[PDB]
């Protein structure tokens, strides 16, 4: 592991310093269907006409990115994504830009969001949830080791692949930072107390978010929920959590340590780092190496009928792609 990561850091650093640029054109792909939507764009299932391969192309409208002040975060997303490589992270295949937009072509993950399956199903059994959690544990260990913070863990950002394994997408808030950071980022339900309290934070927020994930998967709902974000923020800083009556003891205690308001008592941020988590009783049966190798028994395989099948995804109105006669935000995105 330490040995593995050491090699890993070397590869990441090479790419970090020398990021790739404009590795394709819009006209090499065939736009097929929107798989998901956002604020400054949408993700489309596309087909590389020369190869016959399918990918998920994220399209960002430069003006909306600027209007929303997300330039640096956008630069971070692409720079980080092209440099990382782990089994549970989406692969960025190509990236390019044009007069109007920024494009990130990634590997198409056919299984759909964890969110949609969790919703339909209700809740996952502890064993099922642990299968998923362990993958996020290995991913954060990999990411943090590279001085990166993810900052947006939630079911919507976890995709299930053909093998029933996880693929973490959406690196729009990911940041390589040595030391504290201050941006108010993320999704309300998953926000750490330090973030809502505007105090400057680190990696420990990723470990709080993990606690929120495991809990939502196992119970079917988030530990703190209300109808408006402020009511949620209130609950989070309250430092009070109620556990469903079906949570195992090992789970109630793993969760009490992950959802530790006091980040000097929060697992993942302690003396033994991630080991405090891997060595926890709830994970006693987990064979970390086996999971990393994907040689484990996936409890559920979403099944898709042939390539390009998008039935595990929701339908969205097709907003049409427009590209200006004039370059739009040249200097802001020159490194893209």
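Residue numbers count along the first chain shown, from 1.
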{"item": "Residue range whose averaged C-alpha B-factor is higher in the record, 33-41 or 268-276", "value": "33-41"}
{"item": "Selected stretch [higher average CA B-factor]: 311-319 or 7-15", "value": "311-319"}
{"item": "Criterion, highest CA B-factor; candidates, 240, 144, 252, 73", "value": "240"}
{"item": "Per the PDB entry, maximal CA B factor within 46, 298, 68, 60", "value": "298"}
{"item": "Modelled-residue ranking by C-alpha temperature factor, third containing residue 93", "value": "middle"}
{"item": "Residue 282 by Cα B-factor - lowest, middle or highest third of the modelled chain", "value": "middle"}
{"item": "Third assignment of residue 288 from its chain's C-alpha B-factors", "value": "middle"}
{"item": "Relative C-alpha B-factor of residue 231, binned into the chain's lowest, middle or highest third", "value": "highest"}
{"item": "For residue 222, the third of its chain into which the C-alpha B factor falls", "value": "middle"}
